[PDB]
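In the form deposited in one PDB entry, a lone chain appears below as structure tokens.
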């Protein structure tokens, strides 16, 4: 299999993929069969890696993962929209840090209940450069590492809470990490 360490996007085995880190060489992504990839990180900075789609939408995504963070990492359906500029995360599992923000309610979907949060980033990196923008979160109340994500149920719950999305940019089933070490294997279907 091919192992990626350069920041890049592309297509692999039928799927869009994206890999990014601010600490090159401390994290890799190995591209596997079909909708699968693995990651390995050691004393890293920030990274995001995943397979998915170059343009997001209201997909119903089934995934299966092995997820082994030593510290802070998320297993998350992650994406962006433009105009409004929004990053969003449906967080299925996490490591030592459970992400939270301004509490906006809950959504029950796919056998779980998720807390909804909004955060803001100011003068921060984005798909469009240095910007100020919202992050929308659905964070599962208990961790899970496989199942189905009915993305539209999250989008609709966010909209009911006044959290509005724009035109879709990329959308990936991601491993995202901040410091420390770990590994994952994530398979979408």
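Numbering follows the first chain given and starts at 1. We call the rigid core whatever largest set of C-alpha positions still superposes within 1.5 Å between the two forms.
Higher mean CA B-factor, judged across 167-175 and 6-14 from the recorded values: 6-14.
Comparing 68-76 with 101-109, the stretch with the higher mean C-alpha B-factor in the PDB entry is 68-76. Looking only at 148, 44, 39, 138, the residue with the top Cα B factor in the deposited structure is 44. In this entry, the residue among 154, 58, 143, 51 with the greatest C-alpha B factor is 58. Residue 183: CA B factor in the middle third of modelled residues in this chain (values from the PDB entry).
For residue 121, the recorded CA temperature factor ranks within the highest third of the chain's modelled residues.
The next section is about a form of this same protein that is not shown, the form deposited in another entry.
After superposition on the rigid core, the C-alpha displacement between this form and the one not shown reaches 2 Å or more for just one residue among 147, 45, 125, 34, namely 125.
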